[PDB]
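Visitor: Mind looking over this structure? Questions follow.
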Amino acid sequence: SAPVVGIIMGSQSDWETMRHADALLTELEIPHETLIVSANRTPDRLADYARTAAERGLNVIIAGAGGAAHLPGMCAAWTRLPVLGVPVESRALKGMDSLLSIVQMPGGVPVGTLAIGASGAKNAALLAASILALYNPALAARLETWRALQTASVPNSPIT
Amino acid sequence: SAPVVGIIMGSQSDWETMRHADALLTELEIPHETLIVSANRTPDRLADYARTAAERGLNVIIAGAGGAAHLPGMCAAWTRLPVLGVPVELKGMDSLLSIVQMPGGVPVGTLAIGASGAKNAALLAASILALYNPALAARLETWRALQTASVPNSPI
Amino acid sequence: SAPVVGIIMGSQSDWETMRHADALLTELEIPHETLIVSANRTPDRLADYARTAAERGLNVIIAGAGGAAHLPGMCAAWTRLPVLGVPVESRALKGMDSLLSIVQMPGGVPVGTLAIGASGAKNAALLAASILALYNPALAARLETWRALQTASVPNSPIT
Amino acid sequence: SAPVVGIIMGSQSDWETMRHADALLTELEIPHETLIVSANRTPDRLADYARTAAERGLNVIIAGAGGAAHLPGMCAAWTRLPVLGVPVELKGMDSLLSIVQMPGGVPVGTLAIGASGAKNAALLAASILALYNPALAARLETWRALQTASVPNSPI
Amino acid sequence: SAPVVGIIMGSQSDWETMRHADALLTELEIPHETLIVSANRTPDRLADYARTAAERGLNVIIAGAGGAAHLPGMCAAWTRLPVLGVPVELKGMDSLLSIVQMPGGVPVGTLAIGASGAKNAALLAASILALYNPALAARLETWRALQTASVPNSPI
Amino acid sequence: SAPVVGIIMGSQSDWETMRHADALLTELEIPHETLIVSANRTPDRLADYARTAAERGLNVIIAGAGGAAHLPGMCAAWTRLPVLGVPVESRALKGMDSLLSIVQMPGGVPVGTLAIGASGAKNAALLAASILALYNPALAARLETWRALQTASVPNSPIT
Amino acid sequence: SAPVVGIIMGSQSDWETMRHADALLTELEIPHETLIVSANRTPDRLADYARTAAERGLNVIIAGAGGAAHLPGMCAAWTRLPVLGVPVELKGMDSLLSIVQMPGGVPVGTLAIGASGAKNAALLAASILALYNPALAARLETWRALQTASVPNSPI
Amino acid sequence: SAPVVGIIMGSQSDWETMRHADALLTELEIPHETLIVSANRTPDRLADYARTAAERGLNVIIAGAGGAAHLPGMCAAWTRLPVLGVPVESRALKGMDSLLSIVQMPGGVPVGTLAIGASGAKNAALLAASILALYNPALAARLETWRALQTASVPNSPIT
């Protein structure tokens, strides 16, 4: 089926993180595509991708990047689609450079930013799912089931 | 018209920031409601607001708060709707971390600290709604084109 | 004996930290209960727990949480009992996200916050004990003995 | 009446912050004393204050200080009573760490940086005292109910 | 004369900072152009500016921006020319990290946060140009000697 | 051939980082020299080096240092040449001490600062190359080729 | 009398801070000199100052600077004398790290950011000199006793 | 010989750091004593130590502490002697809690603070030595020799 979400990431090294978004979208039966695209190192590849996303039928972009992380924000510069950003954890600064580079977007060019690392990738997929669920009742039901099961599965007392 | 976006904020002091979200939704003719809800001072108010938002017809909730800023994450805890979070100016760094570092399973789409984040939460809510509303999508396109076109070429 | 302290924590992964509070309460012969409850993922479970704590005879709640740590503060929102918060250390941000999410509570809803990690859990139990000792002379004596023994046991010179 | 809470602060400049603790205890009719004590400039004053607090009938000590803020932890070092710490505005980040990162064995229950922390230290002290004082417990319940009920529904 | 340095900045609000770069280049008689270019609001403007800079005869680009400050790194992404970056006052700490932490392969020579960084970006651009322009190199030597010589010996 | 770039570093322990600058300069066929010089511990050695750099025919200095990192800034104090600084990652503070000590130079004494760690060393060499390419067409061609190859070699999709 | 402490600072703008060191030394009747020396703008001035300090009869150097604050560490690099460092208000956090994180072999005894650090650098210099000067040691004892005794017991 | 420097530290766990101060003082033939004393956990032991230091013939105190590090500052509260502080690196916050707790002393109560960790301990001993050298010509000569040898021993080029 035609992708409605695009997962893009700056590098192969970002995939250990962004695969969590891929897995969750697949689990919720959301057709999507997964690509490597760098703002800083393949800027023209990014311009092409972002400019044509809407016409290609994408509804949400999930963008993961670390360091001087510009991929989500430059994606958002070229598309009117909602862009969600995932700060990939960095070696020295533990993703704080990633986070501030992504979240502190200027007024007029939004990126909805999630947690540093794998939890953020998962939440970007879940946030994308909640956006798509607004217009897709079957997906809304799947998402409801998924969230309810998460809540129901939290243990009640610790084991030693 | 019936609201399709809810703007909630932790206190009156958050309004200087969150009014920028209100103004933007109004500018794009997105019907919305604007309320004060405190996660810590009015937890039952928040539970009922977030639990009932979808059945009331809301599509997106924009939540802003300062300090430990529990409001956006706790709103997300109780609604299936997309929740967008605005850290209100530790300069909002405490708010930023308590909003953006949400656990896997409970997303808050987080925007910049302060007025720009508030404006952007409204624009992000607009881009979500635009996916299903062609007239709004065109107005949003116009808004974004005007932004780009209006940036001066040189400083005064 | 009926619990007078409740130790609650967001997850099983928080137990490596919060077990230090459990152990200290047991050492001081303070009857308590120990549960997993997440603000973000089991909010209704938390509302139930916090609302009924006082009527169930609890006097102090110790709440441990990491990340966007909301469990102590939301517990405090629903109970008039004193709530002590333990920031659990986080992977990327080393518990700074935990700490600021817990300590920076708005005026009107207190959480007494302890150190990041195991030392904080121990100190939350000790602070709970000092609160209970105000009205419990036998516990006050045990606590006095415990603190005096800590002080007496600090070595006087380093060994190589 | 004889004080059951002691508010101590590192200097006169801390009063702008700590007066919020004083005001709250007075509002709840909790008898208390309010003093300046410097861990580093008046260490013997602090030792004697903290050592003798319990025998003087104090139940809780609220300590506020800025900078390296040694006062709350050193107070806890010398008393068996619960000590609550208020970092006074590095924006109070230095104070926060020197108060909250106390070693195992010597607790300080730490509140928010600034005026809100001071108010909350008094409320936390009140919630401790309420465990043994039903009339105060009812006044505290009233205070918390008024807080919740008084939050506006929408911004002005 | 035709510009050999381009000063670009993210918005009008960056001018209070970046004018210090402008003033310094003028003082050293380095022909330059001074423009507003937004990485996020005018991405095509930036792509065309940076792609064409070398063929237009520019030798160095000085780029300043605040917030997430995408401008200097994205400029470097599209030009082979040296790009120098000025974080504009999170106090410019966000800007600093988004400028200085560029990946291997895409350098931005980063200067101090604020007005001093702007002045220094111009001086650094001057020191680059001086390598090939003896008259400028002598003027730069003079500028640096005057700086050193002019520092007072004692405070007033 | 006579060196046109000088790579200086505070210590042998800085070489694991600064060797990336050395390697890139060699790859681009830029003659250079590589030395250990500490601002804090061999200040007179630094004064000699920096004062004579221009007359020795150097065009760009790359200076790497960690901690209370003063080598780039003190080099810049004594030379009119462009000085590029590389913050070497530090144990406790992860190079933040290095970064702020290098980047926050006073107005009048520039240091062009690159990323913390190896990526910064590589980028200092690349920035030096772009400076030299302004007056050296053959090097400009090599640098163009190198950057184009970097962009062309970025993969398009992640592998699992 | 001939100076036994040198106060040096990076610029005139550091004087608002460093005058507190000057005032304290004067109060304790410690002869001293007060100068501007820039590590980065006047490196030869600093080299000569620090190299010759001991032979000129100085015993302690107090150095204050802001920003990257190279002055205290570079002073220590060239003198065998004790060097005390004052970070001048990134709020002085950059200065603090560039002063305190000196490598093994080249100490700077670092004081608090700002005016309090400056006062304390002078007091620390006084405590060093007092080891060999009984009259000063008594004046310092008096100063410390007056400090302790003068702290108010309660806030106004 | 009678100690003229006292090295005090909060705990045995601080000794891995503070032993570097001990070693350097011994190398420079500076008689000293080495003790464990905690501000937070043995405050009366600290009061006794600090109050009597001057009368016992100590000239300089070196105090090492981690976390909510109060030992140097409380030592300085009770002695007129110069107190040098060494922030011991902490697990979560990498010694930043240690550093700010020690360096940010109020006006009127100085602590001369050195680097986080072992380098700071070494520098506290060296700073103590430079203080003592003011009145001790033989030690001044030893210290001169030591610093000159450090400078002379810095290598000139890196090895691979």
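Chains: A, B, ... in order of the structure tokens. Residues: from 1 per chain. Ligands: from 1, in order shown.
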Restrict the distance test to only C-alpha atoms, flag each residue of chain G within 6 Å of chain D, and return the flagged residues as a PDB file with N, CA and C atoms, in the first residue's frame.
Guide:
ATOM      1  N   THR G 148      31.106  37.474  61.314  1.00  0.00           N
ATOM      2  CA  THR G 148      30.272  36.527  62.043  1.00  0.00           C
ATOM      3  C   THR G 148      29.339  37.256  63.006  1.00  0.00           C
ATOM      4  N   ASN G 153      20.123  38.512  63.497  1.00  0.00           N
ATOM      5  CA  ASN G 153      19.454  37.299  63.943  1.00  0.00           C
ATOM      6  C   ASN G 153      18.134  37.027  63.248  1.00  0.00           C
ATOM      7  N   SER G 154      17.518  38.078  62.745  1.00  0.00           N
ATOM      8  CA  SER G 154      16.267  37.894  62.048  1.00  0.00           C
ATOM      9  C   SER G 154      16.096  38.923  60.933  1.00  0.00           C
ATOM     10  N   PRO G 155      15.244  38.601  59.972  1.00  0.00           N
ATOM     11  CA  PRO G 155      15.142  39.484  58.816  1.00  0.00           C
ATOM     12  C   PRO G 155      14.359  40.729  59.131  1.00  0.00           C
TER      13      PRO G 155
END
Visitor: If we count only C-alpha atoms and set the cut-off at 9 Å, which residues sit around residue 14 in chain H, ignoring sequence neighbours fewer than 4 positions away in its own chain? Please answer as an mmCIF file with C-alpha atoms, in the first residue's frame.
Guide:
data_model
loop_
_atom_site.group_PDB
_atom_site.id
_atom_site.type_symbol
_atom_site.label_atom_id
_atom_site.label_comp_id
_atom_site.auth_asym_id
_atom_site.auth_seq_id
_atom_site.Cartn_x
_atom_site.Cartn_y
_atom_site.Cartn_z
ATOM 1 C CA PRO C 158 41.950 6.504 54.225
ATOM 2 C CA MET H 9 38.196 14.228 52.442
ATOM 3 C CA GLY H 10 34.576 13.245 52.940
ATOM 4 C CA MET H 18 42.774 12.894 46.950
ATOM 5 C CA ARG H 19 45.742 10.496 46.974
ATOM 6 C CA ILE H 36 38.595 11.468 56.482
ATOM 7 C CA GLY H 64 38.092 17.091 48.845
ATOM 8 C CA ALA H 65 34.399 16.318 48.564
ATOM 9 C CA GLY H 66 31.756 15.193 46.101
ATOM 10 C CA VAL H 88 35.349 14.941 43.571
ATOM 11 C CA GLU H 89 33.690 13.629 40.456
#
Visitor: Each residue of chain G with at least one atom at most 7 Å from chain H should appear once, together with its nearest atom pair and the corresponding distance in Å (one decimal); atoms considered: only C-alpha atoms; ordering: chain, then increasing residue number; output as CSV.
Guide:
residue,atom,partner,partner_atom,distance
G:59,CA,H:134,CA,6.7
G:80,CA,H:130,CA,6.8
G:81,CA,H:130,CA,6.0
G:82,CA,H:130,CA,5.6
G:100,CA,H:115,CA,5.1
G:101,CA,H:115,CA,4.4
G:102,CA,H:115,CA,6.2
G:103,CA,H:119,CA,6.0
G:104,CA,H:119,CA,4.5
G:105,CA,H:123,CA,6.1
G:106,CA,H:123,CA,6.6
G:107,CA,H:123,CA,5.0
G:108,CA,H:114,CA,6.7
G:109,CA,H:112,CA,4.2
G:110,CA,H:113,CA,4.6
G:111,CA,H:103,CA,5.7
G:112,CA,H:104,CA,4.4
G:113,CA,H:104,CA,6.9
G:116,CA,H:107,CA,4.4
G:117,CA,H:107,CA,6.7
G:119,CA,H:107,CA,6.0
G:120,CA,H:110,CA,5.0
G:123,CA,H:110,CA,6.8
G:124,CA,H:110,CA,5.9
G:127,CA,H:82,CA,5.5
G:128,CA,H:82,CA,6.2
G:131,CA,H:59,CA,6.7
G:141,CA,H:80,CA,6.9
Visitor: Those residues with N, CA, C and O atoms, as a CSV table (one decimal), in the first residue's frame please?
Guide:
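Wrote it out as part-v1.csv, contents follow:
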chain,number,residue,atom,x,y,z
G,59,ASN,N,53.5,38.5,46.1
G,59,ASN,CA,53.3,37.2,46.8
G,59,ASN,C,52.1,36.4,46.2
G,59,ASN,O,52.2,35.2,46.2
G,80,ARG,N,55.5,31.4,39.3
G,80,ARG,CA,55.5,30.4,40.4
G,80,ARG,C,54.6,30.8,41.6
G,80,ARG,O,54.4,29.9,42.4
G,81,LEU,N,54.2,32.0,41.6
G,81,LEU,CA,53.3,32.5,42.7
G,81,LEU,C,52.0,31.9,42.7
G,81,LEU,O,51.4,31.5,41.7
G,82,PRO,N,51.3,31.8,43.9
G,82,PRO,CA,49.9,31.5,43.9
G,82,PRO,C,49.0,32.4,43.1
G,82,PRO,O,49.1,33.7,43.3
G,100,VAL,N,38.7,27.1,36.3
G,100,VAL,CA,38.8,26.1,37.3
G,100,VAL,C,39.4,24.8,36.8
G,100,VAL,O,40.0,24.0,37.5
G,101,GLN,N,39.2,24.5,35.5
G,101,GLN,CA,39.5,23.2,34.9
G,101,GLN,C,41.0,23.1,34.4
G,101,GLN,O,41.3,22.4,33.5
G,102,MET,N,41.8,24.0,35.0
G,102,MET,CA,43.3,24.0,34.7
G,102,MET,C,43.9,22.6,34.8
G,102,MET,O,43.5,21.8,35.8
G,103,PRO,N,44.8,22.2,33.9
G,103,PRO,CA,45.5,20.9,34.0
G,103,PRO,C,46.4,20.8,35.2
G,103,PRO,O,46.9,21.7,35.8
G,104,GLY,N,46.6,19.5,35.6
G,104,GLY,CA,47.6,19.2,36.6
G,104,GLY,C,48.9,19.8,36.3
G,104,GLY,O,49.5,19.6,35.2
G,105,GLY,N,49.4,20.6,37.3
G,105,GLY,CA,50.7,21.3,37.1
G,105,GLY,C,50.6,22.8,37.1
G,105,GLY,O,51.6,23.5,37.3
G,106,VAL,N,49.4,23.3,36.8
G,106,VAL,CA,49.2,24.7,36.7
G,106,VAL,C,48.0,25.2,37.4
G,106,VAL,O,46.9,25.4,36.8
G,107,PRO,N,48.1,25.4,38.7
G,107,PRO,CA,46.9,25.7,39.5
G,107,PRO,C,46.4,27.1,39.4
G,107,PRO,O,47.2,28.0,39.3
G,108,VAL,N,45.1,27.3,39.4
G,108,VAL,CA,44.4,28.5,39.7
G,108,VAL,C,43.4,28.2,40.8
G,108,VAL,O,42.5,27.5,40.7
G,109,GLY,N,43.6,28.9,42.0
G,109,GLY,CA,42.6,28.8,43.1
G,109,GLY,C,41.4,29.6,42.7
G,109,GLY,O,41.5,30.9,42.7
G,110,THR,N,40.3,29.0,42.4
G,110,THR,CA,39.2,29.6,41.8
G,110,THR,C,38.1,30.0,42.8
G,110,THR,O,37.8,29.2,43.7
G,111,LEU,N,37.6,31.2,42.7
G,111,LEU,CA,36.5,31.7,43.6
G,111,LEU,C,35.2,31.8,42.8
G,111,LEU,O,35.1,31.5,41.6
G,112,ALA,N,34.2,32.1,43.6
G,112,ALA,CA,32.8,32.3,43.0
G,112,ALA,C,32.8,33.2,41.8
G,112,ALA,O,33.5,34.2,41.7
G,113,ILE,N,31.8,33.0,40.9
G,113,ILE,CA,31.5,33.9,39.9
G,113,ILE,C,31.1,35.3,40.5
G,113,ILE,O,30.2,35.3,41.4
G,116,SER,N,31.3,38.5,44.7
G,116,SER,CA,31.6,37.7,45.9
G,116,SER,C,32.9,36.9,45.7
G,116,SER,O,33.7,36.8,46.7
G,117,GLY,N,33.2,36.4,44.5
G,117,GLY,CA,34.5,35.8,44.2
G,117,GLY,C,35.6,36.8,44.3
G,117,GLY,O,36.7,36.4,44.8
G,119,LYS,N,35.7,39.6,46.2
G,119,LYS,CA,36.0,39.8,47.6
G,119,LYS,C,36.7,38.6,48.2
G,119,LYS,O,37.7,38.8,49.0
G,120,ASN,N,36.3,37.4,47.8
G,120,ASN,CA,36.9,36.2,48.4
G,120,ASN,C,38.3,36.0,47.9
G,120,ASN,O,39.1,35.4,48.7
G,123,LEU,N,40.3,38.1,50.3
G,123,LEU,CA,40.3,37.5,51.6
G,123,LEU,C,41.2,36.2,51.6
G,123,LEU,O,42.0,36.0,52.5
G,124,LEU,N,41.2,35.5,50.5
G,124,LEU,CA,42.1,34.3,50.4
G,124,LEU,C,43.6,34.7,50.3
G,124,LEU,O,44.4,34.1,51.0
G,127,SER,N,44.6,35.6,53.7
G,127,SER,CA,44.8,34.4,54.6
G,127,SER,C,46.2,33.8,54.3
G,127,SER,O,46.8,33.2,55.2
G,128,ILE,N,46.6,33.9,53.0
G,128,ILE,CA,47.9,33.4,52.6
G,128,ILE,C,49.0,34.3,53.3
G,128,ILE,O,50.0,33.8,53.9
G,131,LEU,N,49.8,34.1,57.1
G,131,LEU,CA,50.7,33.0,57.6
G,131,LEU,C,52.1,33.4,58.0
G,131,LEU,O,52.7,32.8,58.8
G,141,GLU,N,41.7,38.1,61.5
G,141,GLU,CA,40.9,37.5,62.6
G,141,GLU,C,39.8,38.5,63.0
G,141,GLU,O,38.6,38.1,63.1
Visitor: Sorted by chain and rising residue number, which residues of chain F lie within 10 Å of chain H, and what are their closest atom pairs and distances in Å to one decimal, counting only C-alpha atoms, as a Markdown table?
Guide:
| residue | atom | partner | partner_atom | distance |
| --- | --- | --- | --- | --- |
| F:8 | CA | H:157 | CA | 8.8 |
| F:9 | CA | H:158 | CA | 8.8 |
| F:10 | CA | H:154 | CA | 9.0 |
| F:11 | CA | H:154 | CA | 7.6 |
| F:12 | CA | H:158 | CA | 5.5 |
| F:13 | CA | H:158 | CA | 8.8 |
| F:14 | CA | H:158 | CA | 8.9 |
| F:15 | CA | H:158 | CA | 6.5 |
| F:16 | CA | H:160 | CA | 8.8 |
| F:18 | CA | H:158 | CA | 9.7 |
| F:19 | CA | H:160 | CA | 8.8 |
| F:33 | CA | H:157 | CA | 9.4 |
| F:34 | CA | H:157 | CA | 6.5 |
| F:35 | CA | H:157 | CA | 4.4 |
| F:36 | CA | H:156 | CA | 4.8 |
| F:37 | CA | H:156 | CA | 6.8 |
| F:38 | CA | H:154 | CA | 8.1 |
| F:40 | CA | H:151 | CA | 9.4 |
| F:41 | CA | H:151 | CA | 5.7 |
| F:42 | CA | H:151 | CA | 5.6 |
| F:43 | CA | H:151 | CA | 8.9 |
| F:44 | CA | H:151 | CA | 9.7 |
| F:45 | CA | H:151 | CA | 9.4 |
| F:67 | CA | H:115 | CA | 9.3 |
| F:68 | CA | H:115 | CA | 9.3 |
| F:91 | CA | H:94 | CA | 8.7 |
| F:92 | CA | H:94 | CA | 5.2 |
| F:93 | CA | H:94 | CA | 6.7 |
| F:94 | CA | H:94 | CA | 9.2 |
Visitor: If you keep N, CA and C atoms, can you produce a file of those selected residues as an mmCIF file, in the first residue's frame?
Guide:
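File produced: selection-v2.cif:
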data_model
loop_
_atom_site.group_PDB
_atom_site.id
_atom_site.type_symbol
_atom_site.label_atom_id
_atom_site.label_comp_id
_atom_site.auth_asym_id
_atom_site.auth_seq_id
_atom_site.Cartn_x
_atom_site.Cartn_y
_atom_site.Cartn_z
ATOM 1 N N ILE F 8 48.618 22.041 15.825
ATOM 2 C CA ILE F 8 49.215 22.004 17.141
ATOM 3 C C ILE F 8 48.178 21.478 18.133
ATOM 4 N N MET F 9 48.649 20.785 19.163
ATOM 5 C CA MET F 9 47.774 20.168 20.141
ATOM 6 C C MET F 9 48.452 20.176 21.501
ATOM 7 N N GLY F 10 47.662 20.239 22.554
ATOM 8 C CA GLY F 10 48.196 20.398 23.895
ATOM 9 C C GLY F 10 48.971 19.224 24.433
ATOM 10 N N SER F 11 48.696 18.033 23.915
ATOM 11 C CA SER F 11 49.249 16.826 24.500
ATOM 12 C C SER F 11 49.180 15.643 23.560
ATOM 13 N N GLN F 12 49.957 14.629 23.881
ATOM 14 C CA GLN F 12 49.848 13.349 23.204
ATOM 15 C C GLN F 12 48.424 12.784 23.303
ATOM 16 N N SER F 13 47.755 12.999 24.435
ATOM 17 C CA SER F 13 46.414 12.456 24.600
ATOM 18 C C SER F 13 45.420 13.141 23.638
ATOM 19 N N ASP F 14 45.740 14.348 23.159
ATOM 20 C CA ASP F 14 44.919 15.023 22.146
ATOM 21 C C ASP F 14 45.081 14.439 20.725
ATOM 22 N N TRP F 15 46.108 13.623 20.497
ATOM 23 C CA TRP F 15 46.387 13.122 19.143
ATOM 24 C C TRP F 15 45.337 12.156 18.620
ATOM 25 N N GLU F 16 44.696 11.365 19.489
ATOM 26 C CA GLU F 16 43.653 10.457 19.004
ATOM 27 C C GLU F 16 42.580 11.275 18.262
ATOM 28 N N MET F 18 43.245 14.746 17.075
ATOM 29 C CA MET F 18 43.805 15.632 16.070
ATOM 30 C C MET F 18 44.377 14.885 14.868
ATOM 31 N N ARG F 19 44.609 13.587 15.011
ATOM 32 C CA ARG F 19 45.104 12.802 13.867
ATOM 33 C C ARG F 19 44.115 12.816 12.709
ATOM 34 N N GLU F 33 52.553 20.673 9.102
ATOM 35 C CA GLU F 33 53.372 20.178 10.197
ATOM 36 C C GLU F 33 52.463 19.893 11.380
ATOM 37 N N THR F 34 52.927 19.024 12.271
ATOM 38 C CA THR F 34 52.118 18.543 13.384
ATOM 39 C C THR F 34 52.966 18.510 14.649
ATOM 40 N N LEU F 35 52.542 19.251 15.665
ATOM 41 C CA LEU F 35 53.366 19.484 16.857
ATOM 42 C C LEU F 35 52.545 19.427 18.114
ATOM 43 N N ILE F 36 53.215 19.141 19.216
ATOM 44 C CA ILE F 36 52.588 19.285 20.529
ATOM 45 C C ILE F 36 53.106 20.571 21.173
ATOM 46 N N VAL F 37 52.167 21.393 21.622
ATOM 47 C CA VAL F 37 52.430 22.696 22.232
ATOM 48 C C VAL F 37 51.280 22.954 23.213
ATOM 49 N N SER F 38 51.583 23.222 24.480
ATOM 50 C CA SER F 38 50.547 23.523 25.482
ATOM 51 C C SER F 38 50.578 25.001 25.882
ATOM 52 N N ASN F 40 49.053 26.219 28.569
ATOM 53 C CA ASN F 40 49.168 26.279 30.011
ATOM 54 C C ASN F 40 50.493 25.745 30.532
ATOM 55 N N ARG F 41 51.083 24.762 29.848
ATOM 56 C CA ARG F 41 52.285 24.118 30.363
ATOM 57 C C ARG F 41 53.588 24.432 29.585
ATOM 58 N N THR F 42 53.494 24.874 28.336
ATOM 59 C CA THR F 42 54.683 25.329 27.595
ATOM 60 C C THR F 42 54.360 26.681 26.939
ATOM 61 N N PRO F 43 54.008 27.681 27.762
ATOM 62 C CA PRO F 43 53.583 28.961 27.183
ATOM 63 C C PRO F 43 54.656 29.644 26.322
ATOM 64 N N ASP F 44 55.927 29.520 26.682
ATOM 65 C CA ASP F 44 56.980 30.171 25.892
ATOM 66 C C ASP F 44 57.182 29.459 24.566
ATOM 67 N N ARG F 45 57.014 28.138 24.580
ATOM 68 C CA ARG F 45 57.046 27.368 23.346
ATOM 69 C C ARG F 45 55.922 27.838 22.436
ATOM 70 N N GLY F 67 39.833 20.698 28.143
ATOM 71 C CA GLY F 67 39.826 21.207 29.505
ATOM 72 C C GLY F 67 39.714 22.714 29.517
ATOM 73 N N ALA F 68 40.555 23.356 30.317
ATOM 74 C CA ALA F 68 40.676 24.814 30.295
ATOM 75 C C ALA F 68 41.547 25.145 29.086
ATOM 76 N N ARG F 91 36.936 14.184 30.059
ATOM 77 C CA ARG F 91 36.349 13.045 30.760
ATOM 78 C C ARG F 91 35.038 13.407 31.485
ATOM 79 N N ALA F 92 35.100 14.361 32.410
ATOM 80 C CA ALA F 92 33.950 14.653 33.264
ATOM 81 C C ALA F 92 32.903 15.451 32.499
ATOM 82 N N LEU F 93 33.337 16.539 31.863
ATOM 83 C CA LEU F 93 32.422 17.514 31.276
ATOM 84 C C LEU F 93 32.247 17.360 29.756
ATOM 85 N N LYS F 94 32.756 16.253 29.206
ATOM 86 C CA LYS F 94 32.382 15.809 27.851
ATOM 87 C C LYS F 94 32.730 16.857 26.799
#
Visitor: Could you give me, as a list in words, each residue of chain G that DSSP assigns to strand (DSSP E or B) when run on this structure's backbone?
Guide: residues 5, 6, 7, 8, 9, 32, 33, 34, 35, 36, 60, 61, 62, 63, 64, 65, 83, 84, 85, 86, 87, 109 and 110 of chain G
Visitor: Just the residues within 6 Å of residue 87 in chain B, please, counting only C-alpha atoms, with nothing from its chain fewer than 3 positions along; format it as a ChimeraX atom specification.
Guide: /B:64-66,92,95-96,113
Visitor: DSSP on the backbone, then: every residue of chain D marked helix (DSSP H, G or I), written as a ChimeraX atom specification.
Guide: /D:12-27,43-52,71-78,93-100,115-130,134-150
Visitor: Which residue, D:138, D:99, D:46, D:58, has the smallest gap to residue 72 in chain D when you use only C-alpha atoms?
Guide: D:99
Visitor: Please identify all polymer residues within 7 Å of residue 24 in chain B, counting only C-alpha atoms, omitting same-chain residues fewer than 4 positions from it, and present them as an MDAnalysis selection string.
Guide: chainID B and resid 20 28 119 122
Visitor: Tell me, in Å to one decimal, how far CA of residue 85 in chain E is from CA of residue 98 in chain E.
Guide: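 A separation of 10.1 Å between them.
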Visitor: CA of residue 76 in chain B to CA of residue 57 in chain A: how many Å, to one decimal?
Guide: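 Calculated distance between CA of residue 76 in chain B and CA of residue 57 in chain A is 27.7 Å.
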Visitor: Using only C-alpha atoms, which of the listed residues (C:21, C:4, C:28, C:63) sits closest to residue 76 in chain C?
Guide: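 Among the listed residues, C:63 lies closest to residue 76 in chain C.
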Visitor: One decimal, in Å: what's the spacing between CA of residue 73 in chain E and CA of residue 88 in chain B?
Guide: 27.7 Å
